[PDB]
file run28.cif (mmCIF, C-alpha atoms and all ligand atoms)
data_final
#
loop_
_atom_site.label_atom_id
_atom_site.label_comp_id
_atom_site.auth_asym_id
_atom_site.auth_seq_id
_atom_site.Cartn_x
_atom_site.Cartn_y
_atom_site.Cartn_z
CA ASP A 84 11.22 -30.97 4.06
CA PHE A 85 7.86 -29.71 2.83
CA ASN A 86 7.28 -25.99 3.36
CA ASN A 87 4.95 -24.92 6.16
CA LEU A 88 3.03 -21.65 6.31
CA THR A 89 4.51 -20.49 9.62
CA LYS A 90 4.76 -16.75 8.97
CA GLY A 91 2.25 -13.91 8.83
CA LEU A 92 2.07 -11.29 6.07
CA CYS A 93 4.60 -8.45 6.23
CA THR A 94 3.04 -5.01 6.82
CA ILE A 95 1.93 -3.57 3.47
CA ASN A 96 2.67 0.17 3.38
CA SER A 97 3.21 0.35 -0.40
CA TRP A 98 4.33 -1.70 -3.40
CA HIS A 99 7.72 -1.95 -5.06
CA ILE A 100 8.36 -3.15 -8.62
CA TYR A 101 9.20 -6.89 -8.62
CA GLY A 102 9.33 -7.89 -12.26
CA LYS A 103 8.35 -6.87 -15.76
CA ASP A 104 9.13 -8.60 -19.05
CA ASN A 105 8.05 -6.08 -21.70
CA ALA A 106 7.18 -9.18 -23.74
CA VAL A 107 5.05 -7.54 -26.48
CA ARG A 108 7.53 -4.70 -27.14
CA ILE A 109 10.35 -7.21 -27.43
CA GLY A 110 8.38 -9.83 -29.32
CA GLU A 111 7.85 -7.19 -31.99
CA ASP A 112 11.29 -8.17 -33.32
CA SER A 113 12.21 -11.44 -31.59
CA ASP A 114 10.83 -14.97 -31.23
CA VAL A 115 8.43 -14.43 -28.33
CA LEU A 116 5.45 -16.75 -27.82
CA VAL A 117 1.85 -15.55 -27.68
CA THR A 118 0.42 -16.18 -24.22
CA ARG A 119 -2.32 -15.16 -21.81
CA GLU A 120 -3.45 -16.11 -18.31
CA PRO A 121 0.05 -15.70 -16.80
CA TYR A 122 1.29 -15.76 -13.22
CA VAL A 123 4.40 -15.92 -11.08
CA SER A 124 5.54 -18.79 -8.87
CA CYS A 125 8.59 -19.48 -6.75
CA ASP A 126 10.68 -22.52 -5.95
CA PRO A 127 13.05 -22.75 -3.02
CA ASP A 128 15.89 -21.48 -5.23
CA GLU A 129 14.24 -19.22 -7.83
CA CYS A 130 11.02 -17.54 -8.95
CA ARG A 131 9.58 -17.75 -12.44
CA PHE A 132 7.00 -16.30 -14.78
CA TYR A 133 4.26 -18.64 -15.95
CA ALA A 134 1.69 -18.49 -18.74
CA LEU A 135 -0.38 -20.42 -21.27
CA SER A 136 1.37 -20.37 -24.63
CA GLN A 137 -0.71 -20.33 -27.80
CA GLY A 138 1.92 -22.36 -29.62
CA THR A 139 3.15 -19.64 -31.99
CA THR A 140 5.11 -16.37 -31.94
CA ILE A 141 3.55 -12.89 -31.92
CA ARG A 142 4.91 -12.12 -35.39
CA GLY A 143 4.19 -15.63 -36.61
CA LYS A 144 1.30 -16.02 -39.06
CA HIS A 145 -0.30 -18.49 -36.63
CA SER A 146 -0.74 -15.67 -34.13
CA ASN A 147 -3.93 -14.94 -36.10
CA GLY A 148 -6.87 -16.16 -34.05
CA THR A 149 -5.13 -16.33 -30.69
CA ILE A 150 -8.07 -14.52 -29.17
CA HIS A 151 -9.43 -18.06 -28.65
CA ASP A 152 -8.94 -19.61 -25.19
CA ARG A 153 -8.95 -23.36 -25.71
CA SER A 154 -7.01 -25.05 -28.54
CA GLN A 155 -4.76 -28.11 -28.82
CA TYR A 156 -1.72 -25.87 -29.30
CA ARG A 157 -1.62 -24.35 -25.79
CA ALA A 158 0.63 -25.36 -22.89
CA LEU A 159 1.63 -24.09 -19.45
CA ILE A 160 5.13 -22.69 -19.83
CA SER A 161 7.50 -21.11 -17.32
CA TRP A 162 10.51 -18.89 -17.92
CA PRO A 163 13.20 -16.77 -16.18
CA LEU A 164 11.73 -13.93 -14.13
CA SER A 165 11.19 -10.70 -16.07
CA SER A 166 12.53 -12.37 -19.22
CA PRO A 167 10.03 -12.67 -22.07
CA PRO A 168 8.37 -16.00 -23.03
CA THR A 169 10.55 -16.93 -25.98
CA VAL A 170 10.66 -20.15 -27.98
CA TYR A 171 14.24 -20.77 -26.80
CA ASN A 172 13.91 -20.05 -23.06
CA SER A 173 10.40 -21.22 -22.26
CA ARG A 174 10.08 -24.51 -20.42
CA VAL A 175 6.94 -26.59 -20.91
CA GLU A 176 5.37 -27.75 -17.64
CA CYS A 177 2.47 -29.54 -19.34
CA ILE A 178 -0.01 -29.51 -22.25
CA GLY A 179 -3.44 -27.89 -21.83
CA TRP A 180 -5.50 -24.68 -21.70
CA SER A 181 -6.10 -24.11 -17.95
CA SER A 182 -3.60 -24.55 -15.14
CA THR A 183 -2.13 -23.98 -11.71
CA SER A 184 1.31 -24.77 -10.28
CA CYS A 185 3.14 -24.63 -6.96
CA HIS A 186 6.21 -26.05 -5.21
CA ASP A 187 5.68 -27.89 -1.91
CA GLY A 188 9.21 -27.32 -0.67
CA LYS A 189 10.60 -30.56 -2.10
CA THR A 190 9.50 -30.38 -5.71
CA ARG A 191 6.83 -28.87 -7.96
CA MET A 192 3.28 -29.96 -8.75
CA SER A 193 1.73 -28.65 -11.95
CA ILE A 194 -1.76 -29.16 -13.30
CA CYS A 195 -2.94 -28.77 -16.91
CA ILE A 196 -6.41 -29.37 -18.33
CA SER A 197 -7.17 -30.11 -21.98
CA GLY A 198 -9.81 -31.65 -24.22
CA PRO A 199 -13.14 -30.63 -25.82
CA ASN A 200 -15.60 -28.56 -23.81
CA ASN A 201 -17.76 -31.54 -22.93
CA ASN A 202 -14.94 -33.87 -22.02
CA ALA A 203 -11.83 -32.16 -20.64
CA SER A 204 -9.34 -33.87 -18.33
CA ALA A 205 -6.81 -32.68 -15.77
CA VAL A 206 -3.34 -34.19 -15.49
CA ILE A 207 -1.47 -33.56 -12.23
CA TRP A 208 2.30 -33.52 -12.62
CA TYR A 209 4.69 -33.75 -9.66
CA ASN A 210 8.48 -33.62 -9.87
CA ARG A 211 7.79 -33.17 -13.60
CA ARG A 212 6.20 -36.60 -14.19
CA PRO A 213 2.48 -37.35 -14.70
CA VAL A 214 0.96 -38.92 -11.59
CA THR A 215 -2.80 -38.39 -11.39
CA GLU A 216 -5.64 -37.74 -13.86
CA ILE A 217 -9.13 -36.39 -13.19
CA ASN A 218 -11.92 -36.49 -15.79
CA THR A 219 -14.63 -33.82 -16.09
CA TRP A 220 -17.52 -34.18 -13.67
CA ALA A 221 -19.93 -31.63 -15.18
CA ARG A 222 -18.95 -32.08 -18.82
CA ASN A 223 -18.48 -28.36 -19.40
CA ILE A 224 -14.96 -26.93 -19.53
CA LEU A 225 -13.22 -28.42 -16.48
CA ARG A 226 -10.97 -25.53 -15.43
CA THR A 227 -8.65 -24.16 -12.69
CA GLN A 228 -7.20 -21.07 -11.01
CA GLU A 229 -4.84 -19.74 -13.73
CA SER A 230 -2.31 -18.77 -10.99
CA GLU A 231 -0.20 -20.62 -8.37
CA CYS A 232 -1.65 -22.95 -5.75
CA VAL A 233 -0.36 -23.02 -2.15
CA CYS A 234 1.09 -25.86 -0.08
CA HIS A 235 1.32 -26.66 3.64
CA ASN A 236 3.32 -29.64 4.96
CA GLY A 237 3.01 -31.36 1.59
CA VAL A 238 -0.72 -30.70 1.18
CA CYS A 239 -1.55 -28.39 -1.73
CA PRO A 240 -5.23 -27.37 -2.10
CA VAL A 241 -6.41 -26.49 -5.60
CA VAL A 242 -9.77 -25.01 -6.58
CA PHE A 243 -11.41 -26.38 -9.76
CA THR A 244 -14.78 -25.64 -11.37
CA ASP A 245 -16.76 -27.58 -14.01
CA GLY A 246 -20.09 -26.54 -15.49
CA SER A 247 -21.70 -23.30 -16.63
CA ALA A 248 -19.70 -20.12 -16.25
CA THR A 249 -22.95 -18.15 -16.23
CA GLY A 250 -24.98 -19.78 -13.48
CA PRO A 251 -24.82 -22.59 -10.87
CA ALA A 252 -21.73 -24.77 -11.34
CA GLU A 253 -19.80 -27.60 -9.71
CA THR A 254 -16.75 -26.33 -7.86
CA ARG A 255 -14.43 -28.61 -5.93
CA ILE A 256 -11.42 -28.14 -3.68
CA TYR A 257 -8.89 -30.90 -4.24
CA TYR A 258 -6.29 -31.68 -1.62
CA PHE A 259 -3.12 -33.01 -3.24
CA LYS A 260 0.08 -34.38 -1.72
CA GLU A 261 2.95 -35.60 -3.90
CA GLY A 262 0.58 -35.28 -6.83
CA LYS A 263 -1.84 -37.81 -5.35
CA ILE A 264 -5.41 -37.09 -4.26
CA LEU A 265 -5.89 -37.24 -0.51
CA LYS A 266 -9.40 -35.86 -0.51
CA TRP A 267 -11.74 -33.50 -2.31
CA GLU A 268 -14.80 -31.54 -1.20
CA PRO A 269 -17.59 -29.79 -3.07
CA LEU A 270 -17.73 -26.02 -2.51
CA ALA A 271 -19.39 -24.86 0.72
CA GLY A 272 -20.09 -21.52 2.35
CA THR A 273 -22.10 -18.68 0.81
CA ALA A 274 -20.05 -18.01 -2.36
CA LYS A 275 -22.61 -18.65 -5.09
CA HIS A 276 -20.20 -19.17 -8.01
CA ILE A 277 -16.44 -19.74 -8.24
CA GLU A 278 -13.74 -19.23 -10.86
CA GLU A 279 -10.00 -18.66 -11.28
CA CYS A 280 -9.02 -18.37 -7.64
CA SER A 281 -5.90 -16.42 -6.66
CA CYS A 282 -4.47 -17.78 -3.45
CA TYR A 283 -1.77 -17.15 -0.87
CA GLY A 284 -0.78 -18.74 2.40
CA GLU A 285 0.01 -17.39 5.84
CA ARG A 286 -0.02 -18.88 9.33
CA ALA A 287 -1.31 -22.32 8.27
CA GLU A 288 -4.28 -20.90 6.39
CA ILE A 289 -4.88 -20.45 2.70
CA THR A 290 -6.96 -17.55 1.40
CA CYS A 291 -8.24 -17.57 -2.15
CA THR A 292 -9.89 -14.54 -3.71
CA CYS A 293 -11.83 -15.61 -6.77
CA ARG A 294 -14.23 -14.41 -9.46
CA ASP A 295 -18.03 -14.83 -9.44
CA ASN A 296 -18.58 -14.86 -13.17
CA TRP A 297 -22.36 -14.97 -13.07
CA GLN A 298 -23.70 -12.50 -10.56
CA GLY A 299 -21.17 -10.92 -8.20
CA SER A 300 -19.23 -7.68 -8.76
CA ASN A 301 -17.83 -8.15 -5.26
CA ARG A 302 -15.30 -10.97 -5.12
CA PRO A 303 -15.96 -14.34 -3.47
CA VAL A 304 -13.40 -15.70 -1.05
CA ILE A 305 -12.48 -19.22 -0.01
CA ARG A 306 -10.34 -19.74 3.07
CA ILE A 307 -8.78 -23.20 3.32
CA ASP A 308 -7.42 -25.09 6.30
CA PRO A 309 -4.67 -27.33 4.79
CA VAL A 310 -4.21 -29.52 7.88
CA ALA A 311 -7.85 -30.42 8.48
CA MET A 312 -8.46 -30.14 4.74
CA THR A 313 -11.71 -28.17 5.16
CA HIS A 314 -12.83 -24.77 3.87
CA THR A 315 -15.53 -22.13 3.93
CA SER A 316 -16.58 -19.36 1.54
CA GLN A 317 -18.04 -15.87 1.73
CA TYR A 318 -17.86 -12.66 -0.26
CA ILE A 319 -15.65 -9.67 0.37
CA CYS A 320 -18.14 -7.57 2.38
CA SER A 321 -16.56 -4.22 1.44
CA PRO A 322 -18.46 -1.81 -0.86
CA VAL A 323 -15.21 -1.33 -2.81
CA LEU A 324 -16.10 -3.64 -5.69
CA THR A 325 -13.13 -5.29 -7.41
CA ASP A 326 -14.37 -7.36 -10.36
CA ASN A 327 -14.88 -6.04 -13.89
CA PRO A 328 -17.04 -5.02 -15.55
CA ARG A 329 -18.92 -3.82 -12.45
CA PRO A 330 -21.45 -1.19 -11.30
CA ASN A 331 -20.33 1.87 -9.32
CA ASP A 332 -19.13 1.54 -5.70
CA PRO A 333 -22.01 1.68 -3.22
CA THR A 334 -21.71 2.64 0.47
CA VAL A 335 -22.64 -0.82 1.75
CA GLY A 336 -21.42 -4.11 0.35
CA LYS A 337 -22.57 -7.71 0.60
CA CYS A 338 -20.93 -10.39 2.68
CA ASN A 339 -22.83 -13.55 1.79
CA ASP A 340 -24.39 -12.76 -1.56
CA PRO A 341 -23.21 -11.38 -4.87
CA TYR A 342 -23.42 -7.64 -5.32
CA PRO A 343 -25.59 -7.20 -8.48
CA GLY A 344 -25.41 -4.89 -11.46
CA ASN A 345 -23.54 -7.08 -13.95
CA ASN A 346 -24.10 -10.69 -15.01
CA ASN A 347 -22.16 -13.44 -16.80
CA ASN A 348 -18.72 -11.84 -16.99
CA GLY A 349 -15.69 -10.76 -14.97
CA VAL A 350 -11.90 -10.89 -14.69
CA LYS A 351 -9.53 -12.96 -12.54
CA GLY A 352 -8.39 -10.89 -9.57
CA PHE A 353 -6.99 -11.08 -6.04
CA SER A 354 -6.77 -9.43 -2.64
CA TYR A 355 -4.82 -9.63 0.60
CA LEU A 356 -7.21 -9.87 3.54
CA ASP A 357 -5.19 -9.40 6.74
CA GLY A 358 -7.28 -7.26 9.11
CA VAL A 359 -6.23 -3.63 8.83
CA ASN A 360 -3.30 -4.78 6.67
CA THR A 361 -5.76 -5.53 3.87
CA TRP A 362 -5.24 -4.46 0.26
CA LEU A 363 -7.53 -4.98 -2.72
CA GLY A 364 -6.70 -4.98 -6.40
CA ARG A 365 -8.99 -3.80 -9.18
CA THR A 366 -9.04 -2.37 -12.68
CA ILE A 367 -9.61 1.39 -12.46
CA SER A 368 -12.29 1.21 -15.16
CA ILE A 369 -15.69 -0.25 -14.24
CA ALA A 370 -16.58 -1.09 -17.83
CA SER A 371 -13.37 -2.56 -19.23
CA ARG A 372 -10.01 -4.08 -18.40
CA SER A 373 -8.13 -0.80 -18.29
CA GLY A 374 -5.80 0.45 -15.57
CA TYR A 375 -4.99 -1.21 -12.25
CA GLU A 376 -4.86 0.03 -8.68
CA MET A 377 -4.19 -1.30 -5.21
CA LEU A 378 -6.43 -0.07 -2.39
CA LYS A 379 -5.86 -0.44 1.33
CA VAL A 380 -9.30 -1.28 2.68
CA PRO A 381 -9.01 -2.21 6.37
CA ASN A 382 -11.08 -5.28 7.28
CA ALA A 383 -12.66 -5.30 3.83
CA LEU A 384 -13.46 -9.00 4.19
CA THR A 385 -15.67 -8.44 7.24
CA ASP A 386 -16.66 -4.75 7.09
CA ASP A 387 -19.47 -4.18 4.59
CA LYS A 388 -18.83 -0.44 4.89
CA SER A 389 -15.01 -0.31 4.70
CA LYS A 390 -13.58 2.34 2.33
CA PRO A 391 -10.02 3.13 1.08
CA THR A 392 -7.51 4.63 3.49
CA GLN A 393 -4.51 4.45 1.15
CA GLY A 394 -3.77 3.36 -2.39
CA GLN A 395 -1.34 3.02 -5.26
CA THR A 396 -1.88 3.04 -8.99
CA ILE A 397 -0.12 0.23 -10.83
CA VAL A 398 -1.43 0.89 -14.33
CA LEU A 399 -3.06 4.11 -15.58
CA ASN A 400 -6.63 4.08 -16.76
CA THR A 401 -5.36 4.81 -20.27
CA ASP A 402 -3.44 1.53 -20.47
CA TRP A 403 -4.79 -2.01 -20.80
CA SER A 404 -4.59 -4.49 -17.93
CA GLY A 405 -6.25 -7.86 -17.49
CA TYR A 406 -6.02 -10.83 -15.14
CA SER A 407 -4.23 -10.33 -11.82
CA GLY A 408 -3.23 -12.89 -9.20
CA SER A 409 -1.33 -13.51 -5.98
CA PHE A 410 1.94 -15.26 -5.22
CA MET A 411 4.67 -15.00 -2.56
CA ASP A 412 8.25 -16.16 -2.13
CA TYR A 413 7.60 -18.65 0.69
CA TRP A 414 11.36 -19.27 0.88
CA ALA A 415 12.70 -15.74 1.34
CA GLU A 416 14.75 -14.60 4.30
CA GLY A 417 12.88 -12.79 7.03
CA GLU A 418 10.19 -13.04 9.65
CA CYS A 419 7.12 -12.44 7.50
CA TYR A 420 5.69 -13.38 4.12
CA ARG A 421 6.00 -10.59 1.56
CA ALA A 422 2.75 -10.12 -0.36
CA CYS A 423 3.29 -10.01 -4.14
CA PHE A 424 1.08 -9.92 -7.22
CA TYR A 425 1.26 -9.73 -11.00
CA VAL A 426 -1.00 -7.99 -13.50
CA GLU A 427 -1.55 -9.34 -17.01
CA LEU A 428 -1.29 -6.45 -19.48
CA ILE A 429 -3.39 -7.64 -22.43
CA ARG A 430 -2.68 -6.38 -25.96
CA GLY A 431 -4.49 -7.13 -29.20
CA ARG A 432 -8.08 -8.33 -29.58
CA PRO A 433 -10.77 -7.60 -28.73
CA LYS A 434 -9.80 -4.07 -27.65
CA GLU A 435 -7.12 -3.60 -30.31
CA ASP A 436 -8.44 -5.32 -33.44
CA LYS A 437 -6.02 -3.75 -35.93
CA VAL A 438 -3.97 -6.90 -35.31
CA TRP A 439 -5.31 -10.44 -35.43
CA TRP A 440 -3.68 -11.63 -32.25
CA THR A 441 -4.25 -11.42 -28.52
CA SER A 442 -1.26 -11.52 -26.22
CA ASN A 443 0.09 -9.82 -23.11
CA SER A 444 3.17 -8.94 -21.09
CA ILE A 445 3.66 -9.01 -17.33
CA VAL A 446 4.13 -6.59 -14.45
CA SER A 447 4.72 -7.74 -10.92
CA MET A 448 5.02 -6.00 -7.57
CA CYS A 449 5.65 -7.08 -3.99
CA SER A 450 4.96 -5.05 -0.84
CA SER A 451 7.28 -2.77 1.10
CA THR A 452 7.12 -1.69 4.73
CA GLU A 453 8.15 1.73 3.51
CA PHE A 454 5.80 4.27 1.94
CA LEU A 455 7.36 4.26 -1.53
CA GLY A 456 6.61 6.74 -4.26
CA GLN A 457 4.44 5.39 -7.09
CA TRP A 458 4.79 5.03 -10.86
CA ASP A 459 2.62 3.41 -13.54
CA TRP A 460 3.72 0.39 -15.57
CA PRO A 461 2.00 0.02 -19.00
CA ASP A 462 2.79 -2.76 -21.47
CA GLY A 463 4.76 -0.22 -23.47
CA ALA A 464 4.19 -1.67 -26.94
CA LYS A 465 3.15 0.45 -29.90
CA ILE A 466 0.35 -1.40 -31.74
CA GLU A 467 1.06 0.58 -34.90
CA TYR A 468 4.38 -1.22 -35.32
CA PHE A 469 2.65 -4.58 -35.75
CA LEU A 470 0.67 -3.18 -38.66
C1 LIG B 1 -7.54 -19.99 -20.41
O1 LIG B 1 -8.69 -19.17 -20.71
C2 LIG B 1 -9.15 -18.30 -19.82
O2 LIG B 1 -8.65 -18.09 -18.75
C3 LIG B 1 -10.34 -17.52 -20.42
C4 LIG B 1 -10.00 -16.05 -20.55
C5 LIG B 1 -11.38 -15.39 -20.59
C6 LIG B 1 -11.40 -14.04 -19.83
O3 LIG B 1 -12.13 -13.83 -18.91
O4 LIG B 1 -10.52 -13.15 -20.31
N1 LIG B 1 -12.35 -16.30 -19.98
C7 LIG B 1 -11.63 -17.52 -19.56
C8 LIG B 1 -12.50 -18.81 -19.66
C9 LIG B 1 -13.49 -18.47 -18.51
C10 LIG B 1 -14.53 -19.62 -18.37
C11 LIG B 1 -15.12 -19.61 -16.94
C12 LIG B 1 -15.67 -19.45 -19.40
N2 LIG B 1 -11.71 -20.00 -19.26
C13 LIG B 1 -11.51 -21.06 -20.09
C14 LIG B 1 -10.66 -22.19 -19.50
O5 LIG B 1 -11.95 -21.14 -21.22
#
call {"tool": "encode", "arguments": {"input": "run28.cif", "output": "structure tokens", "more": "lines below"}}
Ligand SMILES: COC(=O)[C@@H]1C[C@H](C(=O)O)N[C@H]1[C@H](CC(C)C)NC(C)=O
result
Amino acid sequence: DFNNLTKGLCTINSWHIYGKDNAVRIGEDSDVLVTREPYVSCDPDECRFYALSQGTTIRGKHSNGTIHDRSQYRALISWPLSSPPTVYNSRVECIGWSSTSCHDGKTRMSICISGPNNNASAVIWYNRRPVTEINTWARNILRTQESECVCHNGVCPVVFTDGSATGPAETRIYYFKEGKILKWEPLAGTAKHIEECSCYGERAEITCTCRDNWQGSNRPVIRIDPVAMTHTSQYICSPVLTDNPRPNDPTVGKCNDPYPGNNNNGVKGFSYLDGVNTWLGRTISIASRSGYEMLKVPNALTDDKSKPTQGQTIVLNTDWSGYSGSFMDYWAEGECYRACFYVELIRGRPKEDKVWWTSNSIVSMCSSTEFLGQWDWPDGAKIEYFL
């Protein structure tokens, strides 16, 4: 049967290490593919790492220029958890340079988008076969979440965006079932710009924390009702800003508007908004993608004055991070859903231009009801070795 979001989130008192692939360190002397925009996603019988290959190995001569985001040599690949994305173990879900993927309890739906900027197209795969196609509607880089979608009784909402990344754009929430379109709605609510949403599901509701790439340093949020197939949007009210780059934390945040200070830029991120059991993720640095920390900010979503009450560093401010998204093992034993997340640890350009490539490795953590001691998890690769 299709999976149903019948549980609530487990109580988040800290974070335990879930998975790490040390891909760059290993790829230094093995056939590991160059990737970026990775995530984690589970099936009823296993969980896997996901990412957008660049169609070449790190050591390969074609790794030169992989700082680019959209080429005809990219594809959404998945591989064994904590293993590295190698040529020999990576499974291709579909061809394209923007994606999302999730299992509905019976089988898996995967979405890849490809094509020129003014004419991209999305192909929705289900049970590994192509089923539905959707052409651009704004003729400007049709794109998706870059992390797993979430399903409820067969219905799997997916947030897309087409248009300018630096101003008003055309965002849509598609409601799929068995890879077929049941309905779609244009974005509503007060979120003024949407991109790369990180979502999770609990108690028949789907929360997506996204990125306002044009004006908000606070992160927009879309909560979706998968049964009525309706949604609303707002901004995380809390003054604890979580995008990047971003201005310094104020004492009051903004609920229905973007907090200003930085324009046309950002990073994919996520949060878990569950009343007092709310945790936010953010790079430690306000100017670059360095370091990563989790911050317990009770009622962040609705309290425009909520400040940290607990925290945990995931990556030190002297190590590179990157995209970060949410996922959960909706098929684990237990009474509650265990909040998990991954952090893309970017290596190479533009920050490390001694090499001509841009890749990353993965770190993943899930929550614990215990108050576990913390440690930091850097990529671990030594750039000098690639010289
Ligand atoms: C797959 O590439 C990404 O995720 C890239 C990565 C890059 C970043 O922020 O690091 N910007 C994304 C770019 C953002 C758009 C809104 C301009 N998306 C696409 C599909 O080109």
call {"tool": "residues_near_ligand", "arguments": {"input": "run28.cif", "ligand": "ligand LIG 1 (chain B)", "cutoff": "6 Å", "atoms": "all atoms listed in the file", "output": "ChimeraX atom specification"}}
result
/A:120,152-153,180-181,226,248,350
call {"tool": "write_last_selection", "arguments": {"input": "run28.cif", "atoms": "C-alpha atoms", "output": "mmCIF file, in the coordinates of the input"}}
result
data_model
loop_
_atom_site.group_PDB
_atom_site.id
_atom_site.type_symbol
_atom_site.label_atom_id
_atom_site.label_comp_id
_atom_site.auth_asym_id
_atom_site.auth_seq_id
_atom_site.Cartn_x
_atom_site.Cartn_y
_atom_site.Cartn_z
ATOM 1 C CA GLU A 120 -3.450 -16.110 -18.310
ATOM 2 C CA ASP A 152 -8.940 -19.610 -25.190
ATOM 3 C CA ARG A 153 -8.950 -23.360 -25.710
ATOM 4 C CA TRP A 180 -5.500 -24.680 -21.700
ATOM 5 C CA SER A 181 -6.100 -24.110 -17.950
ATOM 6 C CA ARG A 226 -10.970 -25.530 -15.430
ATOM 7 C CA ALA A 248 -19.700 -20.120 -16.250
ATOM 8 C CA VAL A 350 -11.900 -10.890 -14.690
#
call {"tool": "closest_residue", "arguments": {"input": "run28.cif", "among": "A:325, A:254, A:249, A:96", "to": "residue 219 (chain A)", "atoms": "only C-alpha atoms"}}
result
A:254
call {"tool": "atom_distance", "arguments": {"input": "run28.cif", "atom1": "CA of residue 314 (chain A)", "atom2": "CA of residue 274 (chain A)"}}
result
11.7 Å
call {"tool": "closest_residue", "arguments": {"input": "run28.cif", "among": "A:87, A:147, A:197, A:136", "to": "residue 432 (chain A)", "atoms": "only C-alpha atoms"}}
result
A:147
call {"tool": "closest_residue", "arguments": {"input": "run28.cif", "among": "A:361, A:385, A:182, A:244", "to": "residue 422 (chain A)", "atoms": "all atoms listed in the file"}}
result
A:361
call {"tool": "closest_residue", "arguments": {"input": "run28.cif", "among": "A:207, A:282, A:367, A:117", "to": "residue 142 (chain A)", "atoms": "only C-alpha atoms"}}
result
A:117
call {"tool": "residues_around", "arguments": {"input": "run28.cif", "residues": "residue 360 (chain A)", "least_positions_apart": "2", "cutoff": "7 Å", "atoms": "all atoms listed in the file", "output": "PyMOL selection string"}}
result
chain A and resi 94-95+357-358+362+381
call {"tool": "residues_near_point", "arguments": {"input": "run28.cif", "point": "(-14.2, -13.6, -2.6)", "cutoff": "8 Å", "atoms": "all atoms listed in the file", "output": "MDAnalysis selection string"}}
result
chainID A and resid 274 291:295 301:305 316:319
call {"tool": "closest_residue", "arguments": {"input": "run28.cif", "among": "A:468, A:413, A:98, A:353", "to": "residue 186 (chain A)", "atoms": "all atoms listed in the file"}}
result
A:413
call {"tool": "residues_around", "arguments": {"input": "run28.cif", "residues": "residue 148 (chain A)", "least_positions_apart": "2", "cutoff": "9 Å", "atoms": "all atoms listed in the file", "output": "mmCIF file with C-alpha atoms, in the frame of the given file"}}
result
data_model
loop_
_atom_site.group_PDB
_atom_site.id
_atom_site.type_symbol
_atom_site.label_atom_id
_atom_site.label_comp_id
_atom_site.auth_asym_id
_atom_site.auth_seq_id
_atom_site.Cartn_x
_atom_site.Cartn_y
_atom_site.Cartn_z
ATOM 1 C CA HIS A 145 -0.300 -18.490 -36.630
ATOM 2 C CA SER A 146 -0.740 -15.670 -34.130
ATOM 3 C CA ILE A 150 -8.070 -14.520 -29.170
ATOM 4 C CA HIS A 151 -9.430 -18.060 -28.650
ATOM 5 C CA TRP A 439 -5.310 -10.440 -35.430
ATOM 6 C CA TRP A 440 -3.680 -11.630 -32.250
ATOM 7 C CA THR A 441 -4.250 -11.420 -28.520
#
call {"tool": "residues_around", "arguments": {"input": "run28.cif", "residues": "residue 205 (chain A)", "least_positions_apart": "4", "cutoff": "10 Å", "atoms": "all atoms listed in the file", "output": "JSON, numbers by chain"}}
result
{"A": [178, 179, 181, 182, 194, 195, 196, 197, 198, 215, 216, 217, 218, 219, 225, 226, 227, 243]}
call {"tool": "closest_residue", "arguments": {"input": "run28.cif", "among": "A:379, A:276, A:232, A:332", "to": "residue 290 (chain A)", "atoms": "all atoms listed in the file"}}
result
A:232
call {"tool": "residues_around", "arguments": {"input": "run28.cif", "residues": "residue 373 (chain A)", "least_positions_apart": "5", "cutoff": "10 Å", "atoms": "only C-alpha atoms", "output": "NGL selection string"}}
result
:A and (327 or 365-368 or 398-405 or 428-429)
call {"tool": "atom_distance", "arguments": {"input": "run28.cif", "atom1": "CA of residue 173 (chain A)", "atom2": "CA of residue 464 (chain A)"}}
result
21.0 Å
call {"tool": "atom_distance", "arguments": {"input": "run28.cif", "atom1": "CA of residue 109 (chain A)", "atom2": "CA of residue 172 (chain A)"}}
result
14.0 Å
